[PDB]
Structure formats: C-alpha cells, structure tokens
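Data first, discussion second: the structure below is written as structure tokens.
Protein chains in written order, with PDB author numbering: chain A, 1060 to 1107; chain B, 819 to 866; chain C, 916 to 1011; chain D, 771 to 877, 886 to 1175, 1183 to 1224; chain E, 627 to 682, 704 to 741, 754 to 818; chain F, 50 to 379; chain G, 338 to 379.
Here you go:
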C-alpha cells in the first residue's frame, strides 16, 4: 500500500491536472463563444 | 481516499462544468431572442 | 458497436464523460432563420422597427441600390440585368 | 401578407408603451496583492531556503499582482474621463418636469444606485480600521473573507476613485443628458427641459408632433410607470441584478481559495508546518514542508494567473461601457439592440459595485393594425410631379400621412413629403390631389 | 468535551482551557506593508493596508489605511502622480516627503435651464486642434520552441 | 440521516455553526436494519416458569466495522405484550445484550452461537442500572437446558422484575449469575461496570474496534436529547472480532405483570461521507447520506442541504463486474 | 523513419503519413561534439 500509493498518486495528479485543465479549457472556450455570440447579435441587426 | 486527503476535487469538477454549460444555454437564448423579428412576411415558393 | 474506429462518442462513455445537447432543437433554430428571411424583404422601408411594411424583395433591392447612389432611371433600364447578376452571385455561393 | 399590386400592406401600431431594459457592465475587479513569504512558508526559514532553490517566486508574485492592480487603476481613470461631460446643467428637485427623475436624482448616490448596493450582498471592506475591527468583533461573518485576508497576509487594495467622486461623475452626466442630445457635435451645449428633449427624441422615432402635443401628459405618465417598475425591478428573476451579484461572488471565490489551499495537506502529515516540526524529526519534516511549498506555489501562481485573466476581461468590458455611455446615454441610438430592446429613447447610468449599471428607456409598439399603403403619389395630369413620405407611410383612409412609429392619419402637407422622380409603382391620382402635387 | 473547536477551513478558531475557560483562537495577524516610491525623488513612503495607526511626522490615519511619516497636503490636485486608492494620491515634493493629496473632481461648465420658451446655449467663441495618439497591437512576435532540446538538453535518458 | 439517527460525533474535534462533509463509520440512510425484541418468559399466575425468547443466540452476524443500536425506540407508547396478544401493557425501555467473538465455537449438540477463545460480552445488569463488559473465554455447562446440555433450544440471560428490580433491594449481579449458568466464565481478561441512569428516553449504543481498543458509545452520557453517540467506555481488546451473536434476554415477569418491551434495532456501520449540519451548540441535528440516492449525492457535492433551483450533474452510476475472468495457456 | 530526413521527422511528429499543406516546425538539428576539453589541474 505505501509503494502503490506513490504510483497511484502520479496517476491521480495527472488525471486531476487533466480534469482541471479540461475545465479551464472549457471555461476559456465558453467565454470566447459568449463574446462571439454578442458579435453575431450585432451583425444580424447591423447587416441582416 | 487519496483524492479526499487533497480535497473534494471531484465535486468541484462537476459543478464547474455544469456552470459553463448553463452559461452557454443563457448565451443561446439571448442570441435567438435578438435574431427573432416582431413582424415577418410568410415565405412562399418563388419568393424574391 | 462504434460507428467509426476509435469513435470519440464511444470513448466519452468508456471514460464516463457525456456531451450535453444544445439548448434549442434544429427545427426551432430553423424557424428563427426562416422568420428573419421574411422580415428582411420589408424591414428596410423607413427608420424604426415599430412598423413593418410587406413589400417584394425586388422592390427593397432597388431602394437599397438607390441608397448606394445608382440613379432610379438606370435601375429601371437594368432591372433584369441587376436580377441576373444577383442570381449569378448566389449560384457561385451554392458552389462556394 | 405581401400584395400582388402597386399597393403594399403595412402593419403599424395604434398603441405605444415605455419599458426600461436593465444592463450591467463590469468595468473593475477587486484588486488583490498576496504576501508570498507569509502564505507559502508561514514565516518559516527552512521553507524560504527551499523556495530560494526553486527561484525568486515570491518577488515575481508581488510584482505581477501590483502590475494588474495598476492596470485596473489606469482603466478606471480612462473610463471616468470618457463619462465626464464638458458642459452640464445643475440637478434641481423636480428635474425633468412632468417626467419624474427623483429615483435617478442624487439623494451622493441616487436612490436607484443606493437601492442596488443594498440589494446586493457585499462583505464590508472596512478599509479605515478593518484590522482592528476583525480582532475586536471577531469574524464579521462565518468564514469571513476580510478576517481571513489578514491571517493569510493577502490584502485587497481600495479602488482608484472614491464613491463620492464616482457619484459626482454620474450626477453631471444626468444633468448633461437632455442638452447633449439636441444637435450633432459636443461643441455646443443647450440648457433645455428634459421633457422637451424627450419630445424631440419621439419626433425622431417617427411619432408626429401633433400626436405628441395631444398625448403630452399620457407620454409622461407611461414613462413614470416604467421608472416605477424599474424601482421594484431588482429581483432574483432580473438577469442584470444577478450579474452584479455574480461579479461580487467571483471576487469572493478568489479570496476563499487562498484560505482553503493553506488547509490542504498536499500529502504532508499536517496542514501547519509548525505542527509538522513537533510531530516529525527535522529531515523527515523537511519533505512534508516541501510538499506544502509545492501546493502553495501552484496556488499562488494560479491565483496571479486568474487575477491577470480577470483584469484583462474587466479592461475590455470597461472599453465597452465607455462606448455604451457615448452611444446611448449621451445620444439617442439608431442602432437596434445595442442599448434597450425596441426603439431606444434615452439611457441613464448609475455606479455599480464592480462596474456601471445601465438603464435604457425604449419605445415598444403594441396593437398593430394592417392598412393599405403606397410607395409614392403622382398627379395624373403631371407624371413628373410626385411625392414620397418622409419617416412615414402614405395610407388610404383618400391618401393621408401617418408617422412610422405611431398610427395617426393626418392631412398630407409639403412639410411631411419630398418631391421624387416618377415610378411605375407610384399611384396616379385623377381625383383630389395632395397640396405638394397641386402645382 | 471535544475541547478543540475548528472552523470550516479546519483552522483552530476555539480552544477549551484546562481551567475550563473557553478562549477564541485567532492566528497571529500580519500587518500588510506596501511601498509608495517615486524614482525622481529617490524617496519612499511606507503604507499599511486596512490597519489603524494604533499598531504602527508620525503616521497619518487615512480612509485607505495607515501611512507612516505622512503630512496632509490640504490641497486638491486633479492630476495624480501615485494612486493611493479611494480619492487619495501620493504626491512627491519636488526632495522632500511625499504629500497626501486628494484627487480633485474637475467641474463641468454649468448652464442654467430657463423656465421660459427661450433656452440658454453655451457655444464656443474659440477653437483649437489637438492630435490624439492611439496604439493597437495587430500582431505578436511568432515563437516556435523545440520541446525535445529544451526539456532534455539533448539527453537520451530524459527522452 | 436528516434526523441524525445513528450519527456518532467525531472523537478528535468539534465543529460549531458550520456545514462540512465528514468521513466516518455511519449507517445507510433508509436502512431498516436488523430488529431484535425481548419478550417476557412464559408464566402461570404469580409464578414465572419456562423462559420465552427467539433464537437470537443461534443467529450469527459479522461484526465488520461495528454496529449502532437504537434503544427504547418504542418506549412510553401503547403496546401489546409479544408473548400474549390478549395481554396489553405500556411499552417499557429495555437494554440489549451483545456477545462478540473472534471465532465461532462448536457446541456439543453442534448448535451455532458459541465463540472460541476469549469472547467480549456486554450484559445489561441490575435492570439496566449498570452495563457489564468483559472479554472472557466461555465454557458451555453440561446441565439440562444449557448449550453443552441436550434439549436446549437457546441460551438466554434472565432477570425477575419483582425481586431483582425491587426499590428496596437491587441485585446488580443477578443477570450475571443467570449468564454464569448458561456459560461458565473462564480466565476473563478484565471486568468493567458502567452505571446507566434508568430512563424511558431514546438512547443509542455503538461498539467499534480500533487499534487502540474497542470503543463503546452511548448517547445518554453527553447528548441524550440529541441522540448523538459519545464514547463513554474504552475496552483493551487487541484481538479483532469477526462475529457477533445477540444474547436473547427473557424477563421472568408474572403473568399479570407481563409488559411490552421496546424493540432494539441494530444497524451495521460502514465508512460513509456524510454532509453534517452543526448548530451553535455544535451538536448534529441534520445530515445527508450521499450513497442512498442521486439527490443525496447532489447535496454532498454542493455541501448545502438547500440549493438554488438548477440542473446539476452528479457522479454517474458505474457497473461493477459480477466475477473475475480467468483463461488458460492451452 | 524520422532519423533519415527532416520530412520523415515531420511525419513522425504529426503521426500522419499524409498531412495537409502547411509550414510546420520540427526538432532543431543539434550540433554534436567531436572532441572533449578537460582543463583540470589534477
């Protein structure tokens, strides 16, 4: 169990970092999409 | 058990992803309301 | 079984993550765009959104061309020519 | 339905309503500076020695946080300079005449501005004596962020401009709103009643002057009703009020993270380094100290990165707020949906905890009816002589003039018509002729 | 019976003494220190955030916090050399001590509305031309990094 | 869990006016558990005769991580005596008897319930005035109606209310003497007596095994009204106990004095994450068990019993393999 | 085989034999020592 914990911790640290990175990536993408959606609303009123 | 010693990382991951997804839903509703027009002419074959 | 080898959708289920559906269905979104197209023909008659005038799309295009600066007499003489050029541009867009 | 004829069907409202659209823009974020030496090492020399081997992490953290905070100050100064108006009319009780502006009147913050701050839940900053207050009264709230900041050593800096100065900027803007939107350019300011400015804006949307004079009192009552609804507007349902609460919550979440991370073991035997020293021999204790340092380093770098991203977002949002103030508050906006929904009439700006709160009054059409209309009218005797309606439509009733925004038949006159070249679509009249065509 | 009382953060916020008198426990609180420095003066002013000067010319009590060795300017300047937060600014004496100068709200020209059909108009009799300079960053330097060389320094065992 | 039933306060520290998730041995939410009830022995007129009880001793349950017991749940309620349907008496709080053994011994008749080597026995004594805990090797007596003896349906500890519980004279060891007939006590390691005040109020008893020793928790000692269990006794038992058998108790009430006895419910303890609500006093009155359902998982994830209306993702249910799969070389 | 040529290195890095037209950076060529210098007074 102590020996297995260090290797399990390496998997846990990588997976926790990956999940945190995925949440951060989704947050940045969602923020970009929301700003782009506001631009689309302006374009529809201005040109369409 | 090892993750619990670090903290409730799993609970935080689920809540953050749900919040971004709800934000995306709010953006879609706002954009579609802007595109919608109060008065429109029915589309017919040979329109234009 | 997976639709394609190394299918991303199947990979999500094995990991346990799920992709949520969009807020609005395709048919509702299509209805919004269809209503917008009907509004486009008569929306640009005068300033303000309070009143909507139902006019032909061709009549609106001629008014827009008068606004850019083409004279009304030229528009009347080239009515068919203007329509043909617009149709050619849309055909290029289809193969665009 | 489109008509297969020279005549075209027109849908025009016979009733009008005034509604206020509430918008919140976040121009600022709470400025946070973290003491790396206290947070990462808990004032322990051994941790500082290990941190030095990694590098001067503490020096980098302090400089980066200062830079974001100075950038926030620069953004606030630019935004307020843009909002300020060169010429303004002094605010007086009963401002706006029949229209009631008492809610927007400074009480000094306005009544709507004071109410918004009261409705939002904000922990007291206590900048003058917070350190003493936390010790004497204990935590203000359970898990109080302000008391936690002192224990951690991180401090939240005060904003670039005090509340009274910010209130003065909004008060001057409110006074200048009627005068600025009367002519193109900011060079000349005209002191005019707010009611007179509103009537000119309504004439611009397309309501006829005769209708405005007949419905003067009715227009004032409808505007007052919309402002009264705005006073009761703040609620859980209101999206703009919720956005203000969310901005306060986001600042609160960042402060909470620093305190929670200190507690996290990060694989160390004890959260407290001093407890580790008592619990374990020094070489074994050093490894536990290193685990705490690595987690604290990750948290401090992540917090600085989070503050940088938030500061960048606030600066872009502040530029949007400056554009909105000039486009809607300082002039009626032709653009649709940039300010209020429907046809924008006037906008008002009041300060918000992390930005500016924008309220836009809009004209909403109702009771639409369909009437036959003509693109233009030409004399049958003279084909060349023709007229086209200006900001209006020609409607059968024979031909009368109606304002585009409101449906009212009125006699056709030279003032409401423009001479135009003859078109096939334009109708030819051999009966009664309108006066511009009576040539 | 438990004796040790802990908050949600898990910090020790209460303890029961052997005598049985409960004592709230607050970790020693650090006093925040910030430095206001002007390069031309080559002199600095020590600033403490949110701290009553009772814990620190002598110090000056201000709404922002406690500033050591500070003399109030007692004057209002629209320009601010060093922002202290709120309506405050540090203003170098130029060297002497920095002054605590309150930022001054510039007042717009006031035109009085007339209760008459005639309306007062403020119109300029003189004109001037000024140039506003703006910079927009259209592009950034493009950087490509060889990961293998940077991470392993060209060592096979690292690869 | 919302009623704080079966909840044991953490020994290490107290939390005041806060809500946080804590990991501890806790009973499952909505768990009926195992119910054991004690009934008066058969009696004719004023003379008690043959004992009447179910075969709780024959039944053996794994000790596992330990168990929490609800005491006097039906106490002070209208009831009918279990032995006689016609006879009805007000329910009276009674105290459970527990026998815990590391290994299961075999009886001379081969019946279950014997425990090999030292056996930890918790026995209510003096009509519940005191609780006696001892770790002792148990020898079946060869007498008739004893486990070694033939024709014994079960071994049941017994007491007489008329004599043992008399206000003038209380016999503390009377229950112990009855236990001595059923099982001989050989080389008992220790003898511990803890006095429990007689009451009809609901009580909770929990027993768990830890490296330091077995721990006994009673709600009455610190928070009787709360029902939160607080450790009152420590047992120096260093041998893990794998099996526990309830000792049936038969009360020698006279036919006229037969009374209904409150049933005691035993709930197994398993490590669980419990969201905990702490009052200003710091005692727990409300909690959520995440394992019971998805709504409970949502409350544990957010860490709030009451949450704003929304659709929130929670941990997905995961399939578990029925059995391991093994192949062969050829 | 990435070692033979830079185009091969690009195919190995991308992990696709066929790739769309583009300019792609690859591991830089590394100068390799042909000698050892040991200025040591021992």
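We put the CB at the ideal spot given by N, CA and C, even for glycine.
Pull up the CB-CB distance for residue i and residue j, whole angstroms please, since I reckon it's below 8 Å.
i                       : j                       : result
residue 1077 of chain D : residue 1039 of chain D : 4 Å
residue 111 of chain F  : residue 292 of chain F  : 6 Å
residue 221 of chain F  : residue 178 of chain F  : 7 Å
residue 258 of chain F  : residue 289 of chain F  : 6 Å
residue 1158 of chain D : residue 1214 of chain D : 6 Å
residue 951 of chain C  : residue 846 of chain B  : With a Cβ gap of about 16 Å, residue 951 of chain C and residue 846 of chain B do not count as contacting.
residue 671 of chain E  : residue 682 of chain E  : Actually they do not touch by this definition, with Cβ atoms about 13 Å apart.
residue 848 of chain D  : residue 935 of chain D  : Incorrect: roughly 18 Å between the Cβ atoms, too far for contact.
Using 8 Å as the limit for Cβ to Cβ distance, is residue i near chain A?
i                       : result
residue 865 of chain B  : no
residue 1113 of chain D : yes
residue 822 of chain B  : no
Under a CB-based cut-off of 8 Å, is residue i close to chain B?
i                       : result
residue 1140 of chain D : no
residue 1122 of chain D : no
residue 1031 of chain D : no
residue 259 of chain F  : no
residue 958 of chain C  : yes
residue 1085 of chain A : yes
residue 73 of chain F   : no
residue 1099 of chain A : yes
residue 1091 of chain A : no
For residue i, which option in the options has the closest C-alpha, if you only look at C-alpha atoms?
i                       : options                      : result
residue 931 of chain D  : E:732, E:648, E:656          : E:656
residue 723 of chain E  : E:735, E:717, E:644          : E:735
residue 1087 of chain A : B:848, B:841, B:846          : B:841
residue 139 of chain F  : F:127, F:131, F:149          : F:127
residue 265 of chain F  : F:76, F:182, F:91            : F:182
residue 234 of chain F  : F:222, F:188, F:159          : F:188
residue 767 of chain E  : D:947, D:925, D:1165, D:1003 : D:947
residue 965 of chain D  : E:801, E:706, E:780          : E:780
residue 370 of chain G  : E:813, E:817, E:818          : E:813
residue 990 of chain C  : D:1207, D:1097, D:1222       : D:1207
residue 788 of chain D  : D:1079, D:1085, D:1000       : D:1000
residue 924 of chain D  : E:809, E:677, E:765          : E:677
residue 949 of chain D  : D:828, D:873, D:907          : D:873
residue 95 of chain F   : F:211, F:326, F:248          : F:211
residue 203 of chain F  : F:186, F:143, F:299          : F:299
Are any of the Cβ atoms in chain E nearer than 8 Å to that of residue i?
i                      : result
residue 371 of chain G : no
residue 909 of chain D : yes
Examine chain G for any beta-carbon lying closer than 8 Å to the beta-carbon of residue i, and answer yes or no.
i                      : result
residue 807 of chain E : yes
I want to see whether chain F comes within less than 8 Å of residue i, judged by CB atoms only; does it?
i                      : result
residue 653 of chain E : no
Closest Cβ-Cβ distance between residue i and chain D: below 8 Å?
i                      : result
residue 796 of chain E : no
residue 825 of chain B : yes
Next item on the list: Flag this pair as touching only if the stretch 1018-1037 of chain D and the stretch 1085-1092 of chain A have three or more C-beta atom pairs under 8 Å; answer yes or no.
Entry: no
Margin query: So within the stretch 209-247 of chain F, which uninterrupted alpha helix (DSSP H) runs reach at least 4 residues, ignoring any that extend past its ends?
Written below: 210-213, 223-231
Margin query: Quick check for students: name the residue ranges of the beta strand (DSSP E) that lie wholly in the stretch 822-850 of chain D, counting only runs of 3 or more.
Written below: none
Margin query: List, from N- to C-terminal side, the beta strand (DSSP E) runs of 3 residues or more that fit wholly inside the stretch 895-975 of chain D.
Written below: 933-935
Checklist line | Sequence ranges, beta strand (DSSP E) only - wholly within the stretch 241-289 of chain F, length at least 3 | finding: 252-258, 263-267, 277-284
Note to self: I want to know whether the stretch 1052-1061 of chain D touches the stretch 999-1015 of chain D - three or more CB-CB distances under 8 Å.
What the structure shows: no
Check: Would you call the stretch 1141-1160 of chain D and the stretch 1118-1129 of chain D touching, i.e. three or more CB-CB distances under 8 Å?
Finding: yes
Item checked: Segment contact flag, the stretch 957-974 of chain D with the stretch 1107-1121 of chain D, C-beta cutoff 8 Å, min 3 pairs -> yes
Check: Counting Cβ pairs, one atom from each stretch, are 3 or more of them under 8 Å apart for the stretch 327-335 of chain F and the stretch 157-172 of chain F?
Finding: no
Item checked: Length at least 3, wholly inside the stretch 1129-1171 of chain D: the beta strand (DSSP E) runs in chain order -> 1133-1152, 1155-1157, 1164-1167
Check: Are the stretch 975-989 of chain D and the stretch 1188-1197 of chain D in contact at 8 Å, needing three or more beta carbon pairs?
Finding: yes
Note to self: Give the list of continuous beta strand (DSSP E) stretches no shorter than 3 residues that lie fully inside the stretch 773-805 of chain D.
What the structure shows: 778-795, 801-803
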